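J.: This structure is in structure tokens; I'll ask about it shortly.
Because the Cβ atoms are built from the backbone with ideal geometry, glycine has one as well, and the counts that use them run over all protein chains shown. Throughout, read-outs are computed from the coordinates displayed, never taken from laboratory work.
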Amino acid sequence: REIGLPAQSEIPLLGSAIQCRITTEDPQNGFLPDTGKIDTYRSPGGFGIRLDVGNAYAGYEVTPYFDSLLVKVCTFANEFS
Amino acid sequence: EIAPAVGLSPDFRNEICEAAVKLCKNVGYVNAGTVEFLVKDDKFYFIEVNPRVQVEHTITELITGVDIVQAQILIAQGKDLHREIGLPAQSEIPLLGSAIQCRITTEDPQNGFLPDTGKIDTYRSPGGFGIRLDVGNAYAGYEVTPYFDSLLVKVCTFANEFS
Amino acid sequence: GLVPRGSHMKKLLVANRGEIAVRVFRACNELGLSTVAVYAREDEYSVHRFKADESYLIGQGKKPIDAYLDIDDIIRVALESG
């Protein structure tokens, strides 16, 4: 009534979407997350791209205290391929 | 720029779309193109065709799910819209919510929209649900020159409801 | 229903700069095509130059906008780059 969601049969189902989490986990060092300063951070965009950033920006010091997430990337398109 | 034309009735918008199609059918238009009309009190008048992609194509991609630039390239490869590129028939072309595009430039609105130049110290771009960015030249360290346009980034938003 | 000869693509070149060049490169890459950028000397720091798989200076010695309108030099790059 207020939030505006339709009835269950009417909930859209549009395309597909994928999410990857980009982290400092080093896959050649047993996925041990790296720490230190980020020199460069350039984020892509375009059609079908969604970014939900964690802590990543030029200058930011990744600490050993919390999780290693830099940014969550989602893609979406009509076709899964 | 917004999409679709949310302040006009869906019948009337559809009539405009058919007129554009009729013109393009008549000349056998190929690839992407846009037909521009002026509209006044439920009448509409042709003014131009832009026989190329446009800066505002982004918002149409968002409300249809169709990737227009990919489509252009696939058409130029000789592919069939329906058979190979995968677009449905006209009446099945999605219409998903609405979308808005702004261009963020170095135009200074307190200095008569004169485009500023110089070095970008800080550039932090937002994201989240319903946000699309197509960057121009903007990154930390980039020197904006006076030689080209003043565009930094195009921002689009999209959602089920216009508001 | 006539398709021009030579319509098959492996590599595409954008005769432009800036956001629209980056937008086209993204589509190309998603379609499995390699890409080629052109840039004027003064535009040499443009993001689009570094987003292509290859890039080439064009319009040497011209004013920068004239460089992007240099038809023969753009064609030269398309042919040289394959």
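J.: Looking only at residues that are more than 14 Å from chain A (Cβ to nearest Cβ) and of a type in the set (A, V, I, L, M, F, W, C) in region B:120-150, which one is surrounded by the fewest Cβ atoms within 10 Å (Cβ to Cβ)?
T.: Kept after step one, since they are more than 14 Å from chain A (Cβ to nearest Cβ), are these residues of region B:120-150: B:143-150.
Narrowing the set further to residues that are of a type in the set (A, V, I, L, M, F, W, C) leaves B:144, B:148.
Values: B:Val144: 21, B:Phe148: 19.
By that ranking, first place goes to B:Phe148.
J.: What are the residues in region B:48-103 that are within 12 Å of chain C (Cβ to nearest Cβ) and hydroxyl-bearing (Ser, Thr, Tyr), if any?
T.: Within region B:48-103, B:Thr58 is the sole residue that qualifies.
J.: In region B:17-47, which residue that is within 30 Å of B:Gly130 (Cβ to Cβ) and within 14 Å of another protein chain (Cβ to nearest Cβ) is nearest to the chain's Cα centre (by Cα)?
T.: Step by step, filter region B:17-47, then rank; the result is B:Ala32.
J.: Could you tell me how many of the residues in region B:151-163 are facing another protein chain (nearest Cβ under 10 Å) and either among the aromatic types (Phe, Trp, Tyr) or surrounded by 12 or more Cβ atoms within 10 Å (Cβ to Cβ) (or both)? Step through it out loud before you land on a result.
T.: Applying the first criterion (facing another protein chain (nearest Cβ under 10 Å)) to region B:151-163 yields B:151-156, B:160-161.
Checking which are either among the aromatic types (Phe, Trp, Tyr) or surrounded by 12 or more Cβ atoms within 10 Å (Cβ to Cβ) (or both) leaves us with B:151-156, B:160.
Total satisfying the criteria: 7.
J.: Taking region B:97-119, which residues are farther than 15 Å from B:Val144 by Cβ and either surrounded by 15 or more Cβ atoms within 10 Å (Cβ to Cβ) or of a type in the set (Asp, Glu) (or both)?
T.: B:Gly97, B:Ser98, B:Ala99, B:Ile100, B:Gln101 - these are the residues of region B:97-119 that are farther than 15 Å from B:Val144 by Cβ and either surrounded by 15 or more Cβ atoms within 10 Å (Cβ to Cβ) or of a type in the set (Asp, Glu) (or both).
J.: Right, here's the next one. In region C:11-79, which helices (runs of 4 or more DSSP H) lie fully inside it and hold 1 or more residues that are within 20 Å of B:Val53 (Cβ to Cβ), touching a strand residue (DSSP E or B) at 6+ places or on another chain (Cβ under 6 Å) and within 12 Å of chain B (Cβ to nearest Cβ)? Full working, then the answer.
T.: Values: elements: C:18-30, C:47-51, C:64-68.
Answer list for region C:11-79: C:18-30, C:47-51.
J.: For region B:1-90, list the helices (runs of 4 or more DSSP H) that sit wholly inside it and hold at least 2 residues that are among the hydroxyl-bearing types (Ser, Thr, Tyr); which are they?
T.: On the way: elements: B:10-27, B:57-64, B:68-76.
Of the helices (runs of 4 or more DSSP H) lying wholly inside region B:1-90, those with at least 2 residues that are among the hydroxyl-bearing types (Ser, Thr, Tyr) span B:57-64.
J.: Could you grab me the full set of residues in region A:29-69 that are closer than 24 Å to C:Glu30 by Cα and among the hydrophobic types (A, V, I, L, M, F, W, C)?
T.: First pass over region A:29-69, keeping only residues closer than 24 Å to C:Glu30 by Cα: A:41-53.
A:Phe47, A:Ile49, A:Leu51, A:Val53, listed by residue number.
J.: Of all residues in region B:78-96 being within 30 Å of B:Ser163 (Cα to Cα) and touching a helix residue (DSSP H, G or I) at 6+ places or on another chain (Cβ under 7 Å), which is surrounded by the most Cβ atoms within 10 Å (Cβ to Cβ)? Write out each step before concluding.
T.: Step one: of region B:78-96, the residues within 30 Å of B:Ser163 (Cα to Cα) are B:87-96.
So of that shortlist, the ones also touching a helix residue (DSSP H, G or I) at 6+ places or on another chain (Cβ under 7 Å) come out as B:93-96.
Working: B:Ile93: 13, B:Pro94: 14, B:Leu95: 12, B:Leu96: 16.
Applying the filter and picking the extreme gives B:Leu96.
J.: Under 9 Å between Cβ atoms, at least 6 apart or on separate chains: pull out the pairs that start in region B:26-48 with a residue that is more than 26 Å from C:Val24 (Cα to Cα) and end on any residue that is in a loop (DSSP other than H, G, I, E, B).
T.: Pairs that qualify, where the first residue is more than 26 Å from C:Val24 (Cα to Cα) and the partner is in a loop (DSSP other than H, G, I, E, B), are B:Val39/B:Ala5; B:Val39/B:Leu8; B:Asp42/B:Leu8; B:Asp42/B:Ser9.
J.: Among the residues of region A:44-77, what is the count of those that are more than 30 Å from B:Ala71 (Cβ to Cβ), surrounded by 15 or more Cβ atoms within 10 Å (Cβ to Cβ) and of a type in the set (S, T, N, Q)?
T.: Selection size over region A:44-77: 2.
J.: In region C:5-28, how many are touching a helix residue (DSSP H, G or I) at 6+ places or on another chain (Cβ under 9 Å) and more than 19 Å from B:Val153 (Cβ to Cβ)?
T.: Keep residues of region C:5-28 that are touching a helix residue (DSSP H, G or I) at 6+ places or on another chain (Cβ under 9 Å), which gives C:7, C:9, C:11-28.
Now narrow it down to the ones that are more than 19 Å from B:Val153 (Cβ to Cβ): C:7, C:9, C:11-13, C:15, C:28.
Result for region C:5-28: 7.
J.: Right, something else. Pick out the one residue from B:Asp134, B:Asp108, B:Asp67 that is charged (D, E, K, R) and over 19 Å from the mean Cα position of the chain (by Cα). Walk me through how you get there before you give the answer.
T.: Values: B:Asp134 fails: over 19 Å from the mean Cα position of the chain (by Cα); B:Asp67 fails: over 19 Å from the mean Cα position of the chain (by Cα).
Sole residue among the options that is charged (D, E, K, R) and over 19 Å from the mean Cα position of the chain (by Cα): B:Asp108.
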